[PDB]
4 protein chains.
Amino acid sequence: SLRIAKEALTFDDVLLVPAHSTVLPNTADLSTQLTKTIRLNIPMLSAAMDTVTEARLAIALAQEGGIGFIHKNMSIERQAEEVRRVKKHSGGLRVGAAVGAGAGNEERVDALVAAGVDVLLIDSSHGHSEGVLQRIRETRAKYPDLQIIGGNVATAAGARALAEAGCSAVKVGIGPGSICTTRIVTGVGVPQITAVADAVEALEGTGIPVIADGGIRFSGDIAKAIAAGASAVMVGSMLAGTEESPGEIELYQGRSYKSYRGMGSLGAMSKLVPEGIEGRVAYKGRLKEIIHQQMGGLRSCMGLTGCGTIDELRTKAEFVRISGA
Amino acid sequence: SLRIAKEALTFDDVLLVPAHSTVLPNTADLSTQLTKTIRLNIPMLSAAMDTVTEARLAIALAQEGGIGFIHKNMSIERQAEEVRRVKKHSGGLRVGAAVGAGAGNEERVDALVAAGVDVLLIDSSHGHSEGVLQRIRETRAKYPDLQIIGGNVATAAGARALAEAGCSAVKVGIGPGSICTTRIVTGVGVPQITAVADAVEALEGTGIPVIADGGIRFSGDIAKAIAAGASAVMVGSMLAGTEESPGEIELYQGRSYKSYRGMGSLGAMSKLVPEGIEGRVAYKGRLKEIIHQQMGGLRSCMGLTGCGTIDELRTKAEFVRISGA
Amino acid sequence: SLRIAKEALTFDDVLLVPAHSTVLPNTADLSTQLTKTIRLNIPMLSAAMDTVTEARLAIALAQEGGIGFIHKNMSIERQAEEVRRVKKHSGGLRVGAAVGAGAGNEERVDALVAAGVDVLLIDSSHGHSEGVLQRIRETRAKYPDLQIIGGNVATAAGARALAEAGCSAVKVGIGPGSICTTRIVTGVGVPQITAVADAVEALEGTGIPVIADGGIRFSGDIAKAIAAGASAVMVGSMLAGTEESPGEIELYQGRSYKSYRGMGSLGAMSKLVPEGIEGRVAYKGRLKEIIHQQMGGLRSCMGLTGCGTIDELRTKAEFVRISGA
Amino acid sequence: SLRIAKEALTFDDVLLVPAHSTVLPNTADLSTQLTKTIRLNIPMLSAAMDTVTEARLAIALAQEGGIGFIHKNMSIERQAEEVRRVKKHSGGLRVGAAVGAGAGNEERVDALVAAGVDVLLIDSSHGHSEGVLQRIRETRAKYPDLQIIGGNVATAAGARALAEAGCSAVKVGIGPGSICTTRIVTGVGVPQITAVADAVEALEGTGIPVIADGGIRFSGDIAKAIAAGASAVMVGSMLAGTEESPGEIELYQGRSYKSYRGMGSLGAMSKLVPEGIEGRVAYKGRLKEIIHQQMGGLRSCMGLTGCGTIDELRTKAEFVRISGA
Ligand SMILES: C[C@@H](Oc1ccc2ncc3c(c2c1)CCOC3)c1cncc(-c2nc(Cl)c[nH]2)c1
Ligand SMILES: C[C@@H](Oc1ccc2ncc3c(c2c1)CCOC3)c1cncc(-c2nc(Cl)c[nH]2)c1
Ligand SMILES: C[C@@H](Oc1ccc2ncc3c(c2c1)CCOC3)c1cncc(-c2nc(Cl)c[nH]2)c1
Ligand SMILES: C[C@@H](Oc1ccc2ncc3c(c2c1)CCOC3)c1cncc(-c2nc(Cl)c[nH]2)c1
Ligand SMILES: O=c1[nH]cnc2c1ncn2[C@@H]1O[C@H](COP(=O)(O)O)[C@@H](O)[C@H]1O
Ligand SMILES: O=c1[nH]cnc2c1ncn2[C@@H]1O[C@H](COP(=O)(O)O)[C@@H](O)[C@H]1O
Ligand SMILES: O=c1[nH]cnc2c1ncn2[C@@H]1O[C@H](COP(=O)(O)O)[C@@H](O)[C@H]1O
Ligand SMILES: O=c1[nH]cnc2c1ncn2[C@@H]1O[C@H](COP(=O)(O)O)[C@@H](O)[C@H]1O
């Protein structure tokens, strides 16, 4: 018999239900616990991608109440300096940095901790791999108070494995990324709404938050991911093409564009087969206006569902399942 | 676990079932109770939109047996005068007018009642909000015999809240509008066929009619909304572009067009994020021919289902659920 | 609660299951009982449409083993003569003719019986209407041995009503036609695979055959309709544009075309609202080659399912339900 | 009642679930048992098609660890020589050859066995036909140790019939082929994921492997077919257009192309109605690079699911069912 574990739902399969409300959108509280010790003012994390987050974007997002993750596609010294630029900037801004879950990253981790990184991100395409869990346990043993985010997983067993390995937060997302091709390459993936809810249910009572990573296209997707139980979302394409993101602005016909590619694309890699594409994204302008629009959407959702806080949205808001029609 | 209340159906998910009939389409009775005191000759209400209903369109629709709703996107004096133009016109025509459910609308309400409004519409994007319910209770206490329509809701709890607050009729529709973007902006919405049936079931035995507002594209949608339990439908895009609607006729290539926009669009608003789009609709001609075609479709449905009255269509007609294919 | 009778399936929702077979496609028997007295060599009926069947097409199809139905969109004398042309032609060919189920058709019926019609077709868009049933009972009382086909219905109750009224065969199809717009105009319809199976189940043990009318696009649709329980299919678009069909061949760019329209289209009608469209269909050539291709498809199905006769296909062949993917 | 055996799933209906892993993609073992005596290094079989496999392609694939099947669309002497070219080539390469399941193929079979064929393929569009089973039983009685593959089937009963008739391996696939039109022509077919799992369940404990034949578009489809229980896959379009495939390279605008057609197409046939199309496929280059890319995809799947061997992927990997969205 076919080994079907369950049916799984994506953002477009569901809608949030309007409910009794004493919440006006302008009164909604967007603060969230990223970890037990780190509280963000907005539930936004920027992707650890070489076309998305470097010190400039990490500074702009932290200023909006979120947090950036400096990508690992650079030298140890360049990354430690990128972290130093964010930390040494005025305002007491928080920063995160990504590391590979393979052998020979102890040096990179030691440098980032010294540079003052607030949260270390163990960046894996398969968080349920034994090698990833081992590296996390080792990092936890060496740095007992360091805030660690481990990912990516898309199951209850995967979330429990990362929490047991020492993770301060668990990142969810196997195949939902706008630039992902793993569903076609490996045939592997879990629709994000089910992936998040499963990971959240597995971690109930532990105080370990879940980050919904990948596939956020609109502010409505942000709202859905949070009501599925995520404490925050991680975005790539939503912040790609912004002024603050790395790389140069390019002109095609008349419209301005920026590069956006998966970290598993042929370009980002230069022997695994690619699991990501290389694309062009339209120039979005300043990050501040993007965040204001998206958070505004989230605020209006909170008004419609009568959820005054992120925690209320996470635990009270209900969904309806819809057809393709 | 994912908090899925139920699966919800839209117009395209269902079809009406043909049944034994002694009803010829030309013999079908289209009259309906809008409220316990107001009976319409056709189950048609025009949308309270600045690109749809002003005195001219309200006069033409009332002449066809329906009722118009003068939009709130004007001064108090202009609106009271628009109501006076419809009331003072010969034929003893009925009119409705829309008001916001916020603070400082008591003055607008007093002026509309003085002008002779037959039905006051409390026009909210979220009828289940405490502020909306409070304003309704206050209006009911001040004007005990005034016919009041409150909306919008899309749940059984929302319909009960509006009926308990004093509403003479409840308006249903969260996200189905042709110009709506709330599903993408907030992630909130309820497919209209389920939304209507839920609200109708909640109000059974109360004598409070349900209005199906939004997403009516064809006469088949009208028939479906009524068999889902609605006593009448409210239409925006179906009457936009008609000769009688406000605004000027514009020429693009050779074809004539008129403006059609959500009341939550950037244009209609000029700090909430927009929940509606701004568009162009083809010039439809006289309202009379549109109503004759649409009511004709409804008449043929009534013949096919053997339902001689609106009340029979509401309570007897059955559906089949269909796939995307 | 929403009055959903059941889920209903169309041709594209299902596939036939291959089974043990001793049947080669060239050995399959395509003969079928249209009525208890009329046996056809192929399960094909041509539509009673003014762009499909007149004496020329009725002669060509009867020669292939099927039967034509002369449309009612002409004078009584012209129709009686069209029937006489088919009957008086050599080969002992069978013909059918269509009549409206309204008042003042007794004269048309008397003329067709005199002209030698083998099967009278009471042609209604709503066979479950009391007026249709009454006219059938009257025709049966006047002509006790006349083969009568009544339609259209799409339910078990509708099939039983027609069989009780005196029908020799029941025609199924509410909304499946390629040129139908009733689903959009009235919101009424039943997906054809469910409609046929329901009507067949209602008539089990009665010996009254079911005709699957409308929506046949490919030979695979023919096979599915028969395995759903239909004894024969009725086709419009499949035979439109053939050399033998009425009307003139028209040239557009370089390709040859013929007119194809619903009997409920504005053109075919010239006060009901139209329930059909007016279109152009590509010139198909001789009917003989179309029938050879389509029957060939049916033969290969019979080989794949191990069904040597139409009756075996009707009662033994199984389906699988498929998704949109 | 409608005779629906069950719902059936295709590749796009499912996704593989990531799981605990100690498997790195470079460490995955791709070897598989094609039969109890024949073990392949990669789970790849090339289609027995006149636009896909001749001696040149059969040599290149065997060199990669797979096996080719020389098509039957040639003379007995040409086919025996094509088999001799592969066998006599250095490296001790294995080859297969296809034969029709009709009368007068005993001569073709005797010649292929003499030429040194490692596996005889009884090539039928309907493996559950009595004629096919009879020819297999006869071949098994004459050549008791000859490795025989019989197909095609898409049910549990069909798999059991082929295994009982003497098949060393069973081939599954009724309608999934990229160039197949049987779903439209006959209305027959079974979605491949259900077809494979059903055939595998029927053959559990017998040691008779199942080959998933048809519809493989991406490496993700390969992974899914194997986790559905197939020991190997058979590919047509994936290897069409390669340098090693038969036929000439053609130039259209600037891009290079090769012919790809079903064996049931009008062209491949030159009295059954065609069940396949004739098309052009882009020139893919050397087979070696195609296999490296596709096997790489399979390796990454094995890493994601924690399945170190083909047998582990076949029996341990789980699926989630997804919607169209
Ligand atoms: C080619 C490259 O692809 C990526 C890179 C980054 C990703 N980042 C996040 C996600 C995915 C990613 C894929 C795919 C799943 O969804 C989330 C890659 C890099 N290193 C390891 C793998 C791998 N290991 C196993 Cl085991 C199977 N393949 C893949
Ligand atoms: C921007 C503007 O958008 C509209 C306007 C009119 C509407 N009229 C009807 C409907 C919708 C509408 C949206 C959306 C839901 O479906 C029906 C708006 C105006 N004032 C309040 C809101 C709001 N309050 C909460 Cl709380 C959340 N957002 C939204
Ligand atoms: C306009 C015209 O439309 C047709 C004509 C022929 C048809 N022939 C077959 C079918 C349909 C047809 C619709 C629609 C349903 O599917 C099968 C029409 C002609 N006379 C009566 C009706 C009618 N009576 C009720 Cl009561 C409701 N409307 C409709
Ligand atoms: C026209 C030709 O078509 C093919 C040829 C090769 C195929 N090879 C594999 C598959 C299919 C094929 C169809 C269709 C089903 O899926 C797999 C054909 C050749 N000889 C027999 C048949 C046949 N016999 C029965 Cl009985 C019904 N029709 C069909
Ligand atoms: O090449 C890749 N393949 C698959 N997923 C990737 C790749 N690179 C990054 N990702 C993921 O995709 C996310 C961005 O998704 P987006 O916001 O939908 O564009 C990142 O945060 C990663 O988890
Ligand atoms: O900006 C907006 N966003 C969402 N819904 C709106 C907006 N403006 C009006 N509506 C609703 O949409 C209805 C019109 O829907 P339509 O008939 O499908 O075009 C109105 O009666 C309102 O209930
Ligand atoms: O105007 C019309 N509307 C709806 N159905 C029609 C109309 N005219 C004919 N039909 C039906 O459509 C059938 C033809 O369907 P087709 O074979 O799919 O084109 C006829 O046999 C009638 O039952
Ligand atoms: O004409 C045909 N019709 C249907 N299936 C065919 C035909 N010719 C070959 N096939 C099947 O299609 C397979 C190739 O499928 P593909 O890999 O999806 O292109 C072959 O291995 C056969 O089983």
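All ligand and atom numbering here is 1-based and tracks the order in the structure. Convention: sequence-line order gives letters A, B, ...; per-chain numbering from 1. When reading the values below, keep in mind they use all heavy atoms of this one structure, side chains included, and skip hydrogens, waters and symmetry mates.
- Side-chain contact between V17(B) and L304(B) is absent, with no heavy-atom pair separated by less than 4.5 Å.
- Considering only residues two or more places apart in sequence or on other chains, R261(D) meets the salt bridge (charged side-chain N to carboxylate O under 4.0 Å, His left out) condition with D50(D).
- With contacts defined as side-chain heavy-atom distances shorter than 4.5 Å, the pair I222(D)/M238(D) qualifies.
- Counting only heavy atoms from C-beta outward, the side chains of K258(D) and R280(D) never approach each other to under 4.5 Å.
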Check ligand 4 for close polar pairs with the protein: N or O on both sides, less than 3.5 Å.
from, atom 1, to, atom 2, distance (Å)
ligand 4, 16 (O), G175(D), N, 3.1
ligand 4, 24 (N), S125(D), OG, 3.4
ligand 4, 28 (N), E275(D), OE2, 2.8

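- Side chain of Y260(D) to main chain of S237(D): a donor-acceptor pair is present (N/O by atom type, distance under 3.5 Å, no hydrogens or angles).
- Contact check for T10(D) versus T194(D): no side-chain heavy atoms found under the 4.5 Å cut-off.
- At a threshold of 4.5 Å between non-hydrogen side-chain atoms, the residues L272(D) and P25(C) count as touching.
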I would like to know whether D29(C) and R299(C) meet salt bridge (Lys or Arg N to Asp or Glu O under 4.0 Å); could you show each step before the answer? CA-CA 8 Å; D29(C) 185 353; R299(C) 286 179 178 280; over 6 Å; no
Check each N or O atom of ligand 8 against all protein N or O atoms and list the pairs under 3.5 Å, with atom names and distances to 0.1 Å, one per line.
from, atom 1, to, atom 2, distance (Å)
ligand 8, 1 (O), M263(D), N, 3.3
ligand 8, 1 (O), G264(D), N, 2.8
ligand 8, 3 (N), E275(D), O, 3.0
ligand 8, 8 (N), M263(D), N, 2.9
ligand 8, 17 (O), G236(D), N, 2.8
ligand 8, 17 (O), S237(D), N, 3.4
ligand 8, 18 (O), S178(D), N, 2.9
ligand 8, 18 (O), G215(D), N, 2.8
ligand 8, 19 (O), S178(D), OG, 2.8
ligand 8, 19 (O), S237(D), N, 3.1
ligand 8, 19 (O), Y260(D), OH, 2.7
ligand 8, 21 (O), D213(D), OD1, 2.6
ligand 8, 21 (O), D213(D), OD2, 3.4
ligand 8, 23 (O), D213(D), OD1, 3.3
ligand 8, 23 (O), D213(D), OD2, 2.6

Please tabulate, for the side chains in residues 264-271 of chain C, all donor-acceptor contacts under 3.5 angstrom to protein atoms that are two or more places apart in sequence or on a different chain.
from, atom 1, to, atom 2, distance (Å)
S265(C), OG, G262(C), O, 2.7
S265(C), OG, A268(C), N, 3.3
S270(C), OG, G267(C), O, 3.3

